């Protein structure tokens, strides 16, 4: 179902509408131009930013799902219509760990990274960092596995040493980690994304709750139960087979229009939790943004947010000359980073109460931006055409037109204008409000 080049295309009317629980699917050419390498240009540097793949529910959530499925089964006198599978369903999901399907998504990602940048990757060993989370590090290892599988099959590859994960960045309230958030005190106390997501759930779920209970005489459901049954559709699909070849029976319980609501619920939680809807959301992406400026311009980092000044000034942990960089982060920090880079500056603040599509929001949704296995590529290229370098940004293969600089028809800016137009992050935005 899952392809190396295009990601997951099984039951796309449903599987592309699970927000950050959607398996990655390519958005090449959706509301965008081709992602192909322009004629007469050569990539000179690529940064990849990736999430982990599909996983089991967290321990917390696995207990809540198992307690709900168990309670329905305990209490119902009849399992009616599309809910009748619950008669025999056995809750079998594990917790926390990547699923086999999620591991393969990351092997695929590495193969796809090699194939897309083959002319560069042939002679280069990427510099790789991972935020210190087992799922993230495991994803980094699978991406390396796929990259090497591809490289050692290419007779034009000249430097075939495998890359190591060189930097594991601790995750805590006191470690400055640009790939995870933790040190911005006031932001860690924020409840806004939760409050927005709960308000929206309380608006859309009641009608589904009422219809669902009536298919299960003896059962009482809540709004949160609706959300848990919808969550079950993605989690059971990405666990129940090693290739996610079978849509879970939970999925049919809900209509296509209801799936659009659930997708929106996830987009709202990310937008108001971590993106521009949170007053300190984009501030969590300034540290990586300044790290990216340093790499693209081969110049030392200027940052006073969540960089570590020690780690950024040593070539062992932050080389400025490496041609390929790959960093493994998290969905929530990746949303902050994309906002901090200005990439969704055509997105108006999302309606807290009513569905707006990814295309209405100029390419923003949780499923188009941080699906399981999400990746972004930030390229510099040197053209026979042009001659300052040019920069381009791809998020899950969609060319996302840059803001803060005048973009050409291929969505590129001159590198110097790009970095100058990142004035908000270069200034440290409103980081001082953290304290």
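Here, rigid core means the biggest group of C-alpha atoms that superpose within 1.5 Å across both forms. Numbering follows the first chain given and starts at 1.
Visitor: Do the Cα atoms of 237 to 245 or of 298 to 306 sit farther, on average, from the shown structure in 4 other deposited structures of this protein when the rigid core is superposed?
Guide: Between the two stretches, 298 to 306 moves farther in 4 other deposited structures of this protein.
Visitor: Determine, for 282 to 290 and 90 to 98, which one has C-alphas that on average lie farther from this form in 4 other deposited structures of this protein; superpose on the rigid core first.
Guide: Higher root mean square deviation of C-alphas in 4 other deposited structures of this protein is shown by 90 to 98.
Visitor: Select between 380 to 388 and 27 to 35 the stretch whose C-alpha atoms have the higher average B-factor in the entry.
Guide: Higher of the two, by average CA B-factor, is 380 to 388.
Visitor: Averaging only over Cα atoms, indicate whether 333 to 341 or 246 to 254 has the higher B-factor in the PDB entry.
Guide: Result: 246 to 254.
Visitor: Highest CA temperature factor in the entry: which of 51, 398, 63, 403?
Guide: Reading the PDB entry, the winner on C-alpha B-factor is 63.
Visitor: So among 228, 199, 88, 131, who wins on Cα B-factor in the entry?
Guide: Spelled out: the listed residue with the top C-alpha B-factor is 88.
Visitor: Sorting by Cα B-factor within the chain, modelled residues only, which third would residue 122 end up in: lowest, middle or highest?
Guide: Within its chain, residue 122 is a middle-third residue by C-alpha B-factor, going by the deposited values.
Visitor: Sorting by Cα B-factor within the chain, modelled residues only, which third would residue 59 end up in: lowest, middle or highest?
Guide: Highest third, going by the recorded CA B-factors of the chain.
Visitor: Using only modelled residues of the chain, where does the Cα B factor of residue 268 rank: lowest third, middle third or highest third?
Guide: It falls in the bottom third of the chain.
Visitor: What third of the chain does residue 43 rank in for C-alpha temperature factor, lowest, middle or highest?
Guide: As the PDB entry reports it, the C-alpha B-factor of residue 43 lands in the middle third of its chain.
Visitor: For residue 20, return the chain-relative third of its C-alpha B-factor as stated in the PDB record: lowest, middle or highest.
Guide: Lowest third - that is where residue 20 ends up once the chain's C-alpha B-factors are sorted.
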